[PDB]
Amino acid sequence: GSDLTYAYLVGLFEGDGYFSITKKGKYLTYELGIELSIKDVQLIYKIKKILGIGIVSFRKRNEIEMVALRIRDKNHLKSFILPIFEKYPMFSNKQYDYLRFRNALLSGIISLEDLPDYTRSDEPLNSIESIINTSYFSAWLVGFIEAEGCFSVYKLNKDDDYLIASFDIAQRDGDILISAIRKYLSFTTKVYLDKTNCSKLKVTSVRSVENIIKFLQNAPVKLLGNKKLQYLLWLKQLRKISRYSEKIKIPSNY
């Protein structure tokens, strides 16, 4: 990878991965994993390549196929993973998972009984300005998008053929995170908090759309998975929708 394609990785992991210290009979299993739709087998192997470690597995949970990259080897974790996340730390209230994980690990905790009682605080760690001002952000956001962003098109009413074309992204307990992104890309839609503590950001404007495209075209790194394809197909329909077409530039990649 690049100095920065790793920042891309914590991005992806923050949004779709997970740190976990689980019960393994008498002992513990330390791991980092991402489980994605089989639609990203190809991406899973690009991650293994970048990181250089990790076990890949497949399963059906019967009609949905899925791929997973899983790193449980503690030496490899200490030797390759911590370092990444130390250098390019996550931003959301998730770092609590990594800090907790890290500590238990470095402490040499190997039994369930000496493993601290842990529960993620919903309490944020940063606030807009700090996220937005960290160097690697631009890259991180690319992966975070790879992971949780959504490109889509839908008619506004059943009957008539008036398309909308939106880009959205949400996160539980992440008002500060979601808002910060919102600021960064200059959206002005109102971030919506749902039934859960899930902050949803969504845009439809000709100017908003114009903006992700530009952020992406000028982001340090690149989307390389299914989301990349989702975006390219989006791009495409964006040409058959006039209001957008006579209003922005677009396709070669990302």
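Residue numbers run from 1 along the displayed sequence.
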item: 241 to 249 set against 8 to 16, stretch whose average Cα temperature factor tops the other in the entry; value: 241 to 249
item: Of 33 to 41 and 208 to 216, the stretch whose C-alpha atoms average the higher B-factor in the entry; value: 208 to 216
item: Highest recorded Cα temperature factor - choice among 71, 141, 163, 99; value: 163
item: CA B-factor ranking of residue 90, expressed as a third of its chain; value: highest
item: Among modelled residues of the same chain, the CA temperature factor third for residue 226; value: lowest
item: Residue 186 CA temperature factor, ranked by third within the chain; value: middle
item: Relative C-alpha B-factor of residue 146, binned into the chain's lowest, middle or highest third; value: lowest
item: CA B-factor ranking of residue 177, expressed as a third of its chain; value: middle
